[PDB]
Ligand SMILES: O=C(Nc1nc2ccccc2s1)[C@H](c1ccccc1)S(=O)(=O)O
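Presented below, as C-alpha cells, is a lone chain in the form deposited without the ligand.
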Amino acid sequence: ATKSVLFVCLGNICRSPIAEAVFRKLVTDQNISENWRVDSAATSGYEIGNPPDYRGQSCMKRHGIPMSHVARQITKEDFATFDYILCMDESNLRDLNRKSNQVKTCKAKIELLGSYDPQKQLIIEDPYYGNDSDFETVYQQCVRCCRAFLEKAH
C-alpha cells in the first residue's frame, strides 16, 4: 500500500518545499521512498511555476539536502488522492478546510504539520519576512515533525 503526504503553505516556495524535501530525505534514507508519494503545494496562485525561496535553498544546501520543486497550487484532486495534507499555520488550515468542503471525495486527513512536534510547537511560522535564522528554525521544526509523522500518523 503506497502512502502519500502533501505539504502545504500559502505560496509553496518557503515552508512546504522544505518540509517536502526533508520528508523525501527521511524516507529515502530508510529505503522506503518507493513506498511514499511525496509532494507540496500552495493554497494560492501567487508563486506558480517558481522555484523555492533562494534563502530556503541556501539553508537546505548547508544541510546537504537537495531541494528541487516547481511551485504549484493545490487542486480538487489532491483531496481525493493524498492520505495526508499537512500545513504550516492556521490560515493554511482554514483555507484547506474551505477547499475540502467543495469536493466530493476527501480522503486526506488535513492537519498542521506542527501537531506532530514532540516539542509542541503547533505553528511553523512564515520565515519570509525574517532572516537565515528564521529559515533554520523552520528546517529544525520540519525535521522534528516529519520524523514524528513518519513514525506514527494521527
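Numbering starts at 1 and follows the sequence shown.
Below, we turn to the form solved in complex with the ligand, even though it does not appear here.
Requested in this report: May I ask whether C9, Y46 and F135 each come within 4.5 Å of the ligand in the deposited complex, counting any non-hydrogen atom?
Outcome: All of them do, each having a heavy atom within 4.5 Å of the partner.
Query raised in the report: in the deposited complex, does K109 have a heavy atom within 4.5 Å of the ligand?
Result: No, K109 stays farther than 4.5 Å from the ligand in the deposited complex.
Query raised in the report: Taking heavy atoms and a 4.5 Å cut-off, does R55 contact the ligand in the deposited complex?
Result: Yes, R55 sits close enough to the ligand in the deposited complex that at least one of its heavy atoms falls within 4.5 Å.
Query raised in the report: Can you check whether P127 is within 4.5 Å of the ligand in the deposited complex, heavy atom basis?
Result: Taking the distances in the deposited complex, the answer for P127 is yes, it comes within 4.5 Å of the ligand.
Report task. May I ask you to state whether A19 is within 4.5 Å of the ligand in the deposited complex, using heavy atom distances? Result -> The answer is no: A19 has no heavy atom within 4.5 Å of the ligand.
Requested in this report: Quick one: find which of 29-37, 62-70, 47-55, 112-120 has residues within 4.5 Å of the ligand in the deposited complex by heavy atom distance.
Outcome: Going through the listed ranges, the match is 47-55.
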